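Worksheet: one structure, shown below.
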Amino acid sequence: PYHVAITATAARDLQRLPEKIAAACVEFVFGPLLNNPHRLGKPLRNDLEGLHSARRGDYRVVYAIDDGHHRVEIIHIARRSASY
Amino acid sequence: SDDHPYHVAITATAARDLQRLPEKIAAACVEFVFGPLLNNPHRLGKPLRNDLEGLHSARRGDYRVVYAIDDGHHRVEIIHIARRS
Amino acid sequence: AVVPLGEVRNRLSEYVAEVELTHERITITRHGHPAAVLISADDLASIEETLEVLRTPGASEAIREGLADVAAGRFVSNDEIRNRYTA
Amino acid sequence: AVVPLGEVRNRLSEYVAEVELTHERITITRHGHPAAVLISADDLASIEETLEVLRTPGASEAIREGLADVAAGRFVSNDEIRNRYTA
Ligand SMILES: [Cl-]
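Protein chains in written order, with the UniProt record's numbering: chain L, 6 to 89; chain X, 2 to 86; chain V, 2 to 88; chain D, 2 to 88.
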């Protein structure tokens with residue numbers, strides 16, 4: 006399975022989040038996402054081409070897949086429900 | 002516009018937008034909004050989705066007009082005018 | 002609706018007309034799986050136009066502001082706007 | 002690609018496969034008039050999820066800051082992240 010690299014941005018995202026969502030998010034990131042990253046998420050479009058987004062619970066995980074080094078870079082973690 | 006003719010209603014927000022644009026771009030938008038747009042608000046724009054359902058957007062030149070077609074008030078409500086890029 | 006390929010195949014003309022006039026999407030299935038979708042051209046272009054709006058730097062925050070103007074009836078004078086621009 | 006409805010009907014499986022393999026969109030034209038679009042399910046799902054991201058407040062700038070982190074190799078320890086939110 007894939008190596009995981011967690012950006013400082015994403016770590017701060019976890020810190021900002023309600024503790025329960027964060028713990029659920031982390032579990033997700035270290036388990037299922039790391040085995041099937043091309044499947045669990047969906048490629049992003051327009052300015053976000055090259056990135057994937059996965060969604061579950063009340064969290065959303067944006068990442069890049071570095072095949073050439075077998076690695077998942079966690080870019081941003083977001084609260085699903087949030088909206089203007 | 003006939004029988005229950007619609008009229009434009011420009012929010013403070015969109016006037017501030019118009020003021021923030023180069024005078025040239027602002028002029029054409031105003032021409033577009035009161036003529037073409039007021040006459041075919043359903044055809045000259047596309048309805049928006051997700052958080053923006055209820056709204057439309059029409060594209061022209063360097064600008065995008067985000068508006069609501071308020072049939073109960075017979076109004077084309079201009080909500081935001083933004084620059085295209 | 003969710004319709005297998007060959008059935009879509011047999012009534013393609015009919016499904017296209019229905020998609021056209023209701024904007025219902027038809028998930029065409031192959032091997033019990035979602036492969037392609039018949040969608041209205043208007044439906045797709047409105048998704049895409051929403052994307053263009055949402056990626057505009059200030060757009061979501063201003064739209065929230067203009068909707069609050071609507072709720073307040075905080076509209077400006079049309080004759081003033083027209084005079085100020087359009088020469 | 003723009004294709005009349007009868008040709009789509011003939012090789013729809015080939016068109017669905019093509020749409021599935023690349024992410025090309027077939028604009029279907031009935032009687033010389035655009036009607037519907039054949040799009041890949043994953044393609045449609047891809048633009049609807051991008052909508053979800055762009056709608057999330059602050060997501061766009063947070064993503065740029067995270068890309069910048071990758072560019073600098075500014076990553077945190079996985080062992081610490083597990084610690085702080087597991088048992
Ligand atoms: Cl007021």
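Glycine included, each C-beta is placed from N, C-alpha and C at the ideal position.
request  = Compile a chain-ordered list of the residues in the region 51-75 of chain X whose CB is closer than 8 angstroms to at least one CB of chain D.
outcome  = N51, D52
message = Quick check: the Cα distance between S86 of chain L and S47 of chain D, rounded to an integer number of angstroms?
response = 19 angstroms
key: Rounded C-alpha distance that separates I64 of chain V from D63 of chain L   = 25 angstroms
ask   = Exposed or buried, which one is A88 of chain V when buried takes at least 16 other CB atoms within 10 Å?
value = Per the 10 Å Cβ criterion, exposed.
message = Just to confirm the assignment, what range does the alpha helix (DSSP H) spanning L22 of chain D have?
response = Segment 13-22, the alpha helix (DSSP H) holding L22 of chain D.
ask   = Considering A37 of chain V, what are the terminal residues of the beta strand (DSSP E) in which it resides?
value = 34-41
ask   = In angstroms, rounded to a whole number, what distance separates the CA positions of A15 of chain L and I79 of chain L?
value = When rounded, the distance between both Cα atoms is 6 angstroms.
ask   = In the structure shown, what three-state DSSP assignment does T12 of chain X receive?
value = strand
request  = Please indicate yes or no: does the CB of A73 of chain V lie closer than 7 angstroms to some heavy atom of ligand 2?
outcome  = As for ligand 2, it is missing from this structure, which binds only ligand 1.
message = What does the Cβ neighbour count give for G46 of chain X, buried or exposed, with the cut at 16 atoms within 10 Å?
response = Result: buried.
ask   = What residues in its chain sit with their C-beta under 8 angstroms from that of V31 of chain L, if we drop five residues either side in the sequence?
value = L19
ask   = Is it the case that the Cβ atoms of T23 of chain V and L49 of chain X are separated by a distance below 8 angstroms?
value = no
ask   = From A83 of chain X to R85 of chain D, what does the alpha carbon distance come to, in whole angstroms?
value = 43 angstroms
message = I'd like to know whether the C-beta of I26 of chain L is nearer than 8 angstroms to at least one C-beta of chain D.
response = It does not; no Cβ of chain D falls within 8 angstroms.
message = Quick check: the Cα distance between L53 of chain X and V3 of chain D, rounded to an integer number of angstroms?
response = 30 angstroms
query = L49 of chain X versus chain V: which residues are under 7 angstroms apart at the beta carbon?
reply = The answer, in chain order, is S47, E50, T51, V54.
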